[PDB]
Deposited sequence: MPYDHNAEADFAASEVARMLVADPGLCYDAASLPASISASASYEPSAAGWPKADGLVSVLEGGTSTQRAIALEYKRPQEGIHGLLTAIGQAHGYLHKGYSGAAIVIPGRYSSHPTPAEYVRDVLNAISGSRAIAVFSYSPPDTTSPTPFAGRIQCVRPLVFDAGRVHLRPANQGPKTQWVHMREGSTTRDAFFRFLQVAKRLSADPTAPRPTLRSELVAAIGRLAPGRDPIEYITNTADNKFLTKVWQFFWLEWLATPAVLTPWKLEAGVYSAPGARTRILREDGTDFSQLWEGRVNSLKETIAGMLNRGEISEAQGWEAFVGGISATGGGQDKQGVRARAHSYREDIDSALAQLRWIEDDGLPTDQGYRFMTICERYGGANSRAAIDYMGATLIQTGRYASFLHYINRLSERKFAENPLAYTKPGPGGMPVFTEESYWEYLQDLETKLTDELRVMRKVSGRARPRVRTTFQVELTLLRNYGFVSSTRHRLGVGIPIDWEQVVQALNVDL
């Protein structure tokens, strides 16, 4: 909705203010030579109380970062939002963040001095100096930087000096928008995993699935005491989330046929559709991978030794652990699964759409996922930045980036495209501070995602426009979920 983007706009402005004035987050003593700041979303793997954003402060010469959790309040929430924010800021410090920033309207109808009030309470009662307060006047949504010059610091913060272990700089997200690990998971996999969780919630007495005798025999050799299901699904707990993982993994991905190592490579296909609908995905085989290489490995290794190979090429156990981490991460980031593991209303809704309209590759399913990526994945923020920056360039000069064609007439080329994408990128990293550094790659993950979901056109670029955004499609995504 509107709230997610506005928090992103304010987080960008906070990051800019700390770069302009490091004394907002540092005491007079310990002022560093150079600090950089950048805003990002909060990774779902962090604790329950979710922040509106994170601002990372990096120091010159170090490899560590100090992270500030951001809480953003709108007037529509009313003055009750102030007391929510104070509690949330204490929650963010309890979670382990070096600081927290409360960003709230400069005045309300009821209250002339809301930020002064929040500052007073923090000063009088809390005694935590790691919580900053910022107040704002209404943002300019025509700008690339809607909150530029419209946010003042009413209370600075100081990072708690009793911090011996500092956060690594390469940790955490580097953009405000969510990067999906674009290889292992699919729309169909989210659908089936939620389906298994709905199945297990209705029949907790469900019998564990049975492995083939050759597989169960092989597990006996490598892990003589271990339970074979726990072994090949790489689980140790019996919690709800791990059990659903077990059924999902053995039912949908590592099916009996896929767990067949050789026939020679068997050419097995899983039961999980690729997003492109052409076929079902493949696990451990297809090129010269595990099954095909082990077939070649048997030119000499024994037949029994092949099972040890199956369980820098990931085996069944290693892939099961990484794939579990992916689907767990993504489902939480999309807010489709509770921390406890039950499906949320949104997770149930996506599952319902898939069940009603022909599965995870249906238009209704693709459209609901896209709407989730726009709101919950914060691609609305990203689209706003690309739009306002592009409009600013092209309103000034509609022929920007074009190159002389045969007659001298301008044409927007692939070189034009790459120059324009690089300008957008340095603008996002240096001016807006909405992304950080850890090539025709600049925005490949974002643009492929956006194009696949219909938010940017199959034509990658057009003269006078840049990335041709299907804004009506984005408008529709913004409207969903009531």
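Several segments of the deposited sequence have no coordinates for C-alpha: 1 to 2, 266 to 271, 309 to 311, 323 to 332, 460 to 466, numbered from the first residue.
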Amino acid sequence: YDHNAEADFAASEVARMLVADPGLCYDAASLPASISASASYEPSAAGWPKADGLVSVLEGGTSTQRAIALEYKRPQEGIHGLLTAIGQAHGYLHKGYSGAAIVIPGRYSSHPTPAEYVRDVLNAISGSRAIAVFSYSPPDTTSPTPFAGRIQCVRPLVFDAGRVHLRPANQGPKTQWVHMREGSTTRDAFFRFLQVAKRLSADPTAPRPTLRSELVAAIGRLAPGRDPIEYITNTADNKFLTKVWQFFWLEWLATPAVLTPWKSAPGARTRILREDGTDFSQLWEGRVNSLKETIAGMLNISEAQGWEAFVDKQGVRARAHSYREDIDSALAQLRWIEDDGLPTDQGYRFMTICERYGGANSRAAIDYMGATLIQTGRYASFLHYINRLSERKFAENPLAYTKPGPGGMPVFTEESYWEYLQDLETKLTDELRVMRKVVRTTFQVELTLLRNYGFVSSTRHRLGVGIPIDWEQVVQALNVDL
From here on, numbers count along this sequence of modelled residues.
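The deposited model assigns a higher average Cα B-factor to 117 to 125 than to the other stretch when 372 to 380 and 117 to 125 are compared. Here the stretch with the larger average CA B-factor, out of 312 to 320 and 72 to 80, is 312 to 320. Listed residues 168, 149, 91, 277 were ranked by CA B-factor as deposited; 277 comes out on top. Ranking 155, 271, 187, 208 by Cα temperature factor from the entry places 208 first. In the deposited entry, the Cα temperature factor of residue 202 sits in the top third of values across the chain's modelled residues. Residue 32: CA B factor lies in the highest third for its chain, per the PDB record. Sorting the modelled residues of the chain by their CA temperature factor places residue 245 in the middle third.
Annotation for residue 45: C-alpha temperature factor in the middle third relative to the rest of the modelled chain, per the entry. Among all modelled residues in this chain, the alpha-carbon of residue 450 has a temperature factor (C-alpha) in the lowest third.
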